[PDB]
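These notes concern the structure reproduced below.
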Ligand SMILES: OC[C@H]1O[C@H](O[C@@H]2[C@H](O)[C@@H](O)O[C@H](CO)[C@H]2O)[C@@H](O)[C@@H](O)[C@@H]1O
Ligand SMILES: OC[C@H]1O[C@H](O[C@@H]2[C@H](O)[C@@H](O)O[C@H](CO)[C@H]2O)[C@@H](O)[C@@H](O)[C@@H]1O
Ligand SMILES: OC[C@H]1O[C@H](O[C@@H]2[C@H](O)[C@@H](O)O[C@H](CO)[C@H]2O)[C@@H](O)[C@@H](O)[C@@H]1O
Ligand SMILES: [Ca+2]
Ligand SMILES: [Ca+2]
Ligand SMILES: [Ca+2]
Ligand SMILES: [Ca+2]
Ligand SMILES: [Ca+2]
Ligand SMILES: [Ca+2]
Ligand SMILES: [Ca+2]
Ligand SMILES: [Ca+2]
Ligand SMILES: [Ca+2]
Ligand SMILES: [Ca+2]
Ligand SMILES: [Cl-]
Ligand SMILES: [Cl-]
Ligand SMILES: [Cl-]
C-alpha cells in the first residue's frame, strides 16, 4: 500500500507537470508567441511605471524591452498606444539602464530625447511611431510584459 | 526515506499549485483583466439565459453584472453584440435582482424600457451604446461571464 | 501519521486536476470555443506544412480541418490570411485524405482546383473567400490548429 501509493502519486505529479507545461505552450501560442521568439502581452491597462513592474513581476515576466528594431516594432504592435519600456535612468540621471540590468544597447530615441524635461523624466515610453521619449515614471502608460523566447 | 519522499512531494505540489495560479493570472491579464477589476470574457456564443448561467457556473464564474458605468462599458466592449446580464425580475415583476443576490443598484435602461413586452420579459441584455433592454429569458444572446477581481 | 499525509496528498492532487481542467475550459472558452464545437487557434506564424503539423501535434491538436461550411468560415475568421488545412494527397496523388485519417468529403475548392500545379502540390490552403487551393507543402502559410469539441 504505502509505497505503491507514494510511487503512483509521484507519477500523478509528473503527469500534472507535463499537462501544465502543455497548457502554458497552448496559451503562449494563442497569445501570439512565435517559434523561438520572445513574446509580448498587454491587458491594455495604463498605469504608472512602478505598477507595471510590480504587475509583470507577479506574472514572472519583465517590463518589455526591445533589443533591436524588430522587437521594437513587436512591442509597438502589441501596445497600440504609448507604453512603458523596461528602461530608466533612475539610478544615475542621464544614464539609461535596463530594469534587468546593464547599459542600453539598442535605442530609438525621438530627436532631442531623452531630455529629462521639466520636473524630470526617468522612464521611457515607446510612442505611436516606435520612437522613444523619456517621461515621468509617475505618468500612466500601457503595461506590456515580456516573456522569454 | 518514505517520510522524506512524502515531504519532497508535498513541496512539488505546492510549487505546482503556485505555477497553475500564475497560469490563471497570465491568462486573465492576456484577455484584458485590469488590476483590481473583475475579469469579463466571452466565447461569442448566443444562447438562452439558462445556458449562459450553466456555462459560466461550469467555469466557476457567473453571468456578467455591471455594478457601475465603468463595468458596464467593460462588458460592452467584450460582448460587441447584445448580451445577457446576471439580472432578472422573475420573483417580483419590476424588481430586478442580481442572480448572485441583492437588489439592482446601477441601471442603464434604454428609453421606454423595461417594458416586460409581449408575453413577458424577465431577463436583461446590454445592447447598443451599452444601454439595457429587458428581454425574454428564452431568447438567445451572447454569453459573457465574469470572474472576481 | 504517514497515511493521513498520503490521503491529503491524494486530495491535493485531485483538487489540482480539477483546477487545471477548469483552467483549460476557461481558456478554450476565451479562445472562442462554442458549446459542443471544436475550436481553432493560431499564433499567426507562417511556416511549412511539416512544421504546422508538428506544432499542433505537440499541443495535442491537429492542423485545422473544415468539415462543413460553418467550420470553414470559423477557420477563415481565425486565420485572417492563407493557412494550411489538415488535408493532403501526399499518400496517393489525386486522393486527398485528412491527416487524421479518411478520404476528403466536404470540400470548398476554388474553380479549377485542385490542380497539382507544376512539379506538384500535395497540401491545401484556405485562402480568399475561404476557398481552397492545393499548394506545395514546402510553402509557408499560417499555422492554425484545431482542438476537439
Ligand atoms: O512632457 C512630455 C513630453 O512633452 C514633449 O513632447 C510631446 C509629448 O510627447 C506629447 O504630448 O506629444 C507631442 C507630439 O504630439 C510631443 O511633442 C517634449 O517636451 C518631451 O520631451 C516630453 O517628454
Ligand atoms: O421584443 C423584443 C424587443 O423588441 C423591441 O426592441 C428591438 C429589439 O431589441 C431588436 O430587434 O432590435 C431593435 C433595434 O434594432 C429593437 O427596437 C422592443 O419592443 C423591446 O422592448 C423588446 O424587448
Ligand atoms: O503555384 C501557386 C498557385 O498559383 C496559381 O494561383 C495563384 C495563387 O493561388 C495565389 O498566389 O493567388 C493568386 C490570385 O490572387 C493565384 O493566381 C494557380 O496556378 C494555383 O493553382 C497554384 O497553386
Ligand atoms: Ca532623475
Ligand atoms: Ca532622467
Ligand atoms: Ca522627454
Ligand atoms: Ca415577470
Ligand atoms: Ca419583467
Ligand atoms: Ca423590452
Ligand atoms: Ca503528389
Ligand atoms: Ca497542369
Ligand atoms: Ca497533389
Ligand atoms: Ca493549386
Ligand atoms: Cl520620473
Ligand atoms: Cl422572460
Ligand atoms: Cl507538395
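Computed from the coordinates by the stated procedures, all read-outs in this text should not be read as laboratory data. Note that each Cβ is placed from the backbone with ideal geometry, even for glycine, and that neighbours are counted across all protein chains shown.
Of note:
- Averaged over the residues of peptide A:32-38, the number of Cβ atoms from other protein chains lying within 10 Å of each residue's Cβ is 3.
- In nanometers and ordered shortest first, the copy-to-copy spacing of the residue B:118 label point, defined 7 Å from Cα toward Cβ, is 5.6, 5.7.
- What separates the residue C:106 label point from its copies, with the point 7 Å along Cα to Cβ, is 4.1, 4.3 nm, written shortest first.
- Computed E for residue C:21/residue A:21 - FRET, C-beta separation, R0 22 angstrom, nearest 0.05: 0.90
- Whole-angstrom gap from segment A:103-149 to segment B:124-146, using each part's C-alpha centre: 42 Å
- Residues within the reach of a label modelled at residue B:80 (point 7 angstrom out along Cα to beta-carbon, backbone nitrogen below 14 Å), restricted to segment C:128-149: there are none.
- From least to most packed, judged by other beta carbons within 10 angstrom and beginning with the fewest, C:63, A:41, C:91, A:52 follow the order C:91, A:41, C:63, A:52.
- Three-way shape label, segment A:13-78, alpha-carbon gyration tensor, a/c 1.5: oblate
- Prolate/oblate/rounded label for segment B:80-141 (Cα gyration tensor, a/c 1.5): rounded
- Look at B:56, C:137 and count the other Cβ atoms within 10 Å of each Cβ; fewest to most, that gives C:137, B:56.
- The distance linking segment B:8-65 with segment A:1-66 is 15 Å (Cα centroid to Cα centroid, whole angstrom).
- Exam field: residue A:68 pseudo-label spacings to other copies (7 Å along Cα-Cβ), nanometres: 4.6, 4.8
- Annotation: the residues B:2, C:65, sorted from fewest to most other C-beta atoms within 10 Å of their own C-beta, follow the order B:2, C:65.
- Pairwise Cα distances in chain A exceed 20 Å for 52 percent of all pairs.
- Percent antiparallel among DSSP beta bridges (both partners in the protein assembly as shown, rounded to 5): 90 percent
- Antiparallel bridges, percent of DSSP beta bridges restricted to chain A (to nearest 5): 90 percent
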